[PDB]
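Just the one chain here, laid out as structure tokens, in the form deposited in one PDB entry.
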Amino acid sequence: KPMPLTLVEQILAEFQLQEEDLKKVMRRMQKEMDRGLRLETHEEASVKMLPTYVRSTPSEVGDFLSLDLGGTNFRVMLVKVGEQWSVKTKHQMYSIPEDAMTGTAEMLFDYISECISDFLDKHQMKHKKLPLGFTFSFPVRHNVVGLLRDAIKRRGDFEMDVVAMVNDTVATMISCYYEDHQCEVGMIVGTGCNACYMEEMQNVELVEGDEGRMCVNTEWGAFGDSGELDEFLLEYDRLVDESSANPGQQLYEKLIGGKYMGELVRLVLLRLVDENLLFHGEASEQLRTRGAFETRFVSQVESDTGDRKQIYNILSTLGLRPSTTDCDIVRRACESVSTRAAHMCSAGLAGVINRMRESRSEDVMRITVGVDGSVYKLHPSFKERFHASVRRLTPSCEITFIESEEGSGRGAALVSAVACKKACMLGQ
């Protein structure tokens, strides 16, 4: 690596978070998680710690449908979960014709409903009112219940209960649990950022009972609206927040999520431009346009192999004619913002993991964390930086991170299993 420019590094060093900063953030998150779990303070808690009713001990529904929506295809699957759970399946991929996917959402779901009808006919299952759950297998890149319910109603020939979907973190946890039974945490680092985890029932005060565990959806994105992050906020963060749809809210998520990451980079570049450290102090009109620097541009800039080809092509699109030095600085700006996201994210997850270790009275905790989302998956080195930081903040914990594999769709079928069983348990 070359000796970097001192004045550039000074500006980028503002993104740095040391271990004591993260431990401070982690402890503040833990207090908000506590406040979310308590009956007395939950109502006023910013981090809601929502009971998911996904329990460690499951009631008996037999057959059900799982409907996996892809980009331009979908899968209908008939599932039977037997007791060690066996996931028995038969399925069918359907392609969506152009008219179906270019019409209204109703017309699209009329088609989906026709395919389900055809599938049920094929398997002679029209005699049952089956519950159906949705899962998503979109190609990763930086409502459906109602639509299907309405479309089934419109057909008026067979009945079927479309069950409420679980939160994406929960689906991630369940899907990953299928592969690894030590998975008791689900994390999403995508456009948004969130985590769920298996809390001790005694700590879930919103649900009576102290036996077993229940999944809690932190909705930790809302952390920060009482100033818990204020000392770590930079000018760029303040501007992002100020121009957002919800100023003052989702401050934690605003530091991590792919929704704002590109914008943060854009503002960093503009400051470097303003200080005559980048593009010889001339920014393009595209660079001075809000949202122009897409988050996908950040991961792409960081994917560059040293060739500067990726970066030069990104910046040329933005009407810039960058020198080699410009490209190198832009990469380091991207690094600085993305590493900070990984740091901030790690403090949250570390807070959860250390809480679990304490709650379970375990000297050494062994645990798997299931993770999904565009940032975590597509951003080069983000998950590695995230992993290393989480582990640094979690002594006495041995943490395995997994991403669920499509496989044969059984992890996804299990998500629908739980969703259907939950709906049943709650009396729909």
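So that the term is clear: the rigid core is the largest set of C-alpha atoms that superpose within 1.5 Å between two forms. Residue positions are given as counts along the sequence shown, with the first one as 1.
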item: Continuity check for residue 83 and residue 84, given as deposited residues lacking coordinates between them; value: 4 to 9
item: Residues of the deposited sequence left unbuilt between residue 143 and residue 142; value: 10 or more
item: Comparing 366 to 374 with 396 to 404, the one whose average Cα B-factor in the PDB entry is higher; value: 396 to 404
item: Stretch with the higher entry mean CA B-factor, where the candidates are 183 to 191 and 284 to 292; value: 284 to 292
item: Of the residues 218, 244, 300, 172, the one carrying the largest Cα B-factor as recorded; value: 300
item: Largest Cα B-factor, entry values, listed residues 254, 154, 88, 123; value: 154
item: Residue 97 - Cα temperature factor, lowest/middle/highest third of chain; value: highest
item: Residue 391 by Cα B-factor - lowest, middle or highest third of the modelled chain; value: middle
item: Chain third (lowest, middle, highest) by recorded CA B-factor, residue given as residue 311; value: highest
item: Within-chain third of residue 228 by Cα B-factor, per the entry; value: lowest
item: Lowest, middle or highest third - CA B-factor, residue 48; value: lowest
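Omitted from view is the form deposited in another entry, to which the following refers.
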query: From 240, 163, 185, 268, residue displaced between the shown form and the other one - CA threshold 2 Å or more, rigid core; finding: 163
query: Residue 286 C-alpha moves between the shown form and the other one by 2 Å or more, core aligned; finding: no
query: Shift of residue 296 between the shown form and the other one at or above 2 Å (CA, core fit); finding: no
query: Residue 25: Cα shift of 2 Å or greater between the shown form and the other one (core-aligned); finding: no
query: Pairwise C-alpha change, residue 407 versus residue 190, in that other deposited form against this form - closer or farther, 3 angstroms or more; finding: closer
query: Pair residue 33/residue 362, Cα separation in that other deposited form versus the displayed form, closer or farther by 3 angstroms or more; finding: farther
